[PDB]
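Protein chains in written order, with the entry's author numbering: chain A, 1108 to 1206; chain B, 1059 to 1107; chain C, 811 to 860; chain D, 762 to 810; chain E, 910 to 915, 924 to 1008. Even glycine gets a Cβ: it sits at the ideal position worked out from N, Cα and C.
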Amino acid sequence: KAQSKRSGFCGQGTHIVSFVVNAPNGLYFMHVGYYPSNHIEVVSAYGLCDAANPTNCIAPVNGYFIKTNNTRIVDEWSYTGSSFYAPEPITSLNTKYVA
Amino acid sequence: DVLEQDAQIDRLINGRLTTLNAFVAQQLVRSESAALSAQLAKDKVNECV
Amino acid sequence: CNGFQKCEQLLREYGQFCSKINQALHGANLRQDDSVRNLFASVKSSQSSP
Amino acid sequence: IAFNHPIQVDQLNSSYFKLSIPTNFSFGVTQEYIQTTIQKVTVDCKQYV
Amino acid sequence: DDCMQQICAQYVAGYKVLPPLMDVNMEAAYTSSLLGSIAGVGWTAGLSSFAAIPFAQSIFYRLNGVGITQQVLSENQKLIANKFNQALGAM
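Listed below in structure tokens is the structure:
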């Protein structure tokens, strides 16, 4: 019916879609599953503190390529962040970074 | 006495075969239960861990 | 049998039943090995930190 | 022997945390068979036994 | 050989127990890989990406979202790590 969490019930890899077809004494399926394939190691920053409470959440996604401060989604190189995180300021441990 | 052996082997083989069949059946039931348990363990690592 | 020649010849008549018993146990052992491989495969395939 | 070694991401003492990022979509995977039902059959006492 | 220096196994040879497809070291390596990966997968990384975050940060993130305790309230709470250590010590 819909995309499902990776509890192993769905096919290995992130589940995008599943199709079911009749099989003798049972059921058979048709599918597409996302696989990362290639991994690049990039250090990720935690916002900035130029003045008072300028710290922001990294994003709904964990990714935050350091860049100049650009946010990153799950895959590929960083794109100019445009309020993708959309977060009201929160108290942050340390200085200059949320960490 | 071969005839004495034939009477003795009859009961002995029938008992040995039935117990061996029971041992195989017990192993198969344990194997099926273990396979279901392995699936639950896979789900447990996928979710709780 | 304890290796008695007479016992083995008597077993030859019932040999087919003995072969079926051995095959069934072999199938169970192979299934247990397959289940172990599937479980461990789910555990691995992650970018673990050292 | 098989090493079966996983990818290693070094933990960082500094506030910044290292990240692993996918580059290729590589969509697609195999399928599994449920075996929902077994063959349906009825024996006859006169024919068999 | 141990049969020669005296669950029968080789003794009657009615049967045999077979080795379990994996040495203890290989099984331990799989558990060790799972332990290291636990912190990264939890912080919204799924399987597509991994985050190299400390165990303390991962515990704090789980504690923050589920309960009212958050950043400042969580930092105000003290000996939370000690309570976790005491429970592990009881085990």
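Query                                                                                                                                                                                     : Result
Does the beta carbon of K1100 (chain B) sit closer than 7 Å to a beta carbon anywhere in chain A?                                                                                         : yes
Looking at the C-beta of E1105 (chain B), does it have a partner C-beta in chain A at a distance below 7 Å?                                                                               : yes
Short of 6 Å in beta carbon distance, which residues of its chain neighbour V1127 (chain A), apart from the five on each side in sequence? Order them along the chain.                    : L1134, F1136
Return the Cβ separation of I1147 (chain A) and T791 (chain D) in integer angstroms, given the expectation that the two are a contact with Cβ distance under 8 Å.                         : The pair is not a contact, with the Cβ atoms about 28 Å apart (cut-off 8 Å).
Buried or exposed, going by whether 16 or more other CB atoms sit within 10 Å of the CB of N1129 (chain A)?                                                                               : exposed
Could you give the C-beta distance for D771 (chain D) and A968 (chain E), rounded to a whole number, given that I count them as a contact under 8 Å?                                      : 12 Å between Cβ atoms; not a contact.
Does the CB of residue 1211 (chain A) have a neighbour CB from chain B at under 7 Å?                                                                                                      : Here chain A covers residues 1108 to 1206 and nothing more, so residue 1211 (chain A) does not appear.
Taking the beta strand (DSSP E) that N1129 (chain A) belongs to, which residues open and close that run?                                                                                  : 1121-1130
Report the option in A:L1155, A:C1156, A:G1118, A:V1150 whose CA atom is closest to the CA atom of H1138 (chain A).                                                                       : A:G1118
Between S1151 (chain A) and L951 (chain E), what straight-line distance do the alpha-carbon atoms span, to the nearest angstrom?                                                          : 23 Å
Buried or exposed: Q857 (chain C), going by 16 or more other Cβ atoms within 10 Å of its Cβ?                                                                                              : buried
Tell me the DSSP bridge mates of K779 (chain D)?                                                                                                                                          : A:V1150
Give me the subset of the region 1170-1182 of chain A whose CB atoms are less than 8 Å from a CB atom of chain B, sorted by chain position.                                               : none
Do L964 (chain E) and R1179 (chain A) count as a contact pair if the criterion is CB distance below 7 Å?                                                                                  : no
Using a Cβ-Cβ cut-off of less than 7 Å, list which residues of the region 777-791 of chain D approach chain E; keep chain order.                                                          : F778, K779, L780, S781, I782, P783
Please report the Cβ distance between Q988 (chain E) and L1200 (chain A), rounded to the nearest whole angstrom; I am assuming they are in contact, meaning their Cβ atoms lie under 8 Å. : 7 Å
Give the DSSP bridge partners of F1172 (chain A), in chain order.                                                                                                                         : A:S1151
Closer than 9 Å by beta-carbon distance: list the chain B residues that pair up with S1111 (chain A), in chain order.                                                                     : Correct list: empty, because the minimum Cβ distance to chain B is about 11 Å.
Taking the beta strand (DSSP E) that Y978 (chain E) belongs to, which residues open and close that run?                                                                                   : Careful: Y978 (chain E) lies outside any beta strand (DSSP E), inside the alpha helix (DSSP H) at 972-983.
What does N1201 (chain A) touch in chain D if you count any residue whose Cβ is under 7 Å from its own?                                                                                   : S776
For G1133 (chain A), which of helix, strand or coil comes out of DSSP?                                                                                                                    : strand
In angstroms with no decimal places, state the Cα-to-Cα distance between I1165 (chain A) and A962 (chain E).                                                                              : 13 Å
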